[PDB]
Amino acid sequence: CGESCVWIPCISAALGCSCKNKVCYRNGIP
């Protein structure tokens with residue numbers, strides 16, 4: 001969906017997708 005969220009959390013990929021394991025993916029898609 002986006003990318004890592006180590007330093008900061010995501011925005012667009014926060015609601016739809018989700019930040020998990022230093023990645024702002026929808027648990028399957030970048």
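Each residue of the sequence shown is one higher than the one before, starting from 1 at the first, in the deposited numbering.
Even for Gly, the Cβ is constructed at its ideal location relative to N, Cα and C.
Check, Outcome
"DSSP three-state assignment for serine 4, whether helix, strand or coil", "coil"
"Contact set for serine 4: own chain, Cβ-Cβ below 8 Å, skip 5 residues either direction", "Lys22, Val23, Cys24"
"Cβ pair residue 35, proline 9 closer than 8 Å", "The requested residue 35 is not part of the displayed model; the chain covers only 1 to 30."
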